[PDB]
């Protein structure tokens, strides 16, 4: 009912890119999925609220992993595993479900490497 309200409210394109299997195509990878998500929520304030994924500066974002794992279709645990293995660096302990982050070359208008 919640994921249903989340995905049902975001564009078919994003739902599909989120559903797409991760291969060697860089757009199919987790960083760019996070990035397209982040980029889009930037324009949908209401959804950005409900989900909890937004930039706090040109280089840091905060999120509610519990909700982000949902809209992305992955267990909480795999979300953490992906942040860990892709070199996202946590800048804050969980507080009311919010966590903060940064990753080199991952900004408002850039997603580097792979």
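Positions refer to the first chain, counted from 1.
Participant: Can you tell me whether 103 to 111 has a higher mean C-alpha B factor than 3 to 11 in this record, or the other way round?
Facilitator: It is 3 to 11.
Participant: For the stretches 55 to 63 and 31 to 39, which has the higher mean C-alpha B-factor as given in the deposited record?
Facilitator: Going by the record's values, the stretch with the higher mean is 55 to 63.
Participant: Among all modelled residues of this chain, ranked by Cα B factor, put residue 87 in the bottom, middle or top third, i.e. lowest, middle or highest.
Facilitator: For residue 87, whose C-alpha B-factor we compare with every modelled residue in the chain, the answer is the lowest third.
Participant: Name the third of the chain's ranked CA B-factors that contains residue 76, choosing lowest, middle or highest.
Facilitator: Lowest third.
Participant: Ranking every modelled residue in this chain by its Cα temperature factor as given in the entry, which third contains residue 68?
Facilitator: Tercile = lowest for this residue's CA B-factor.
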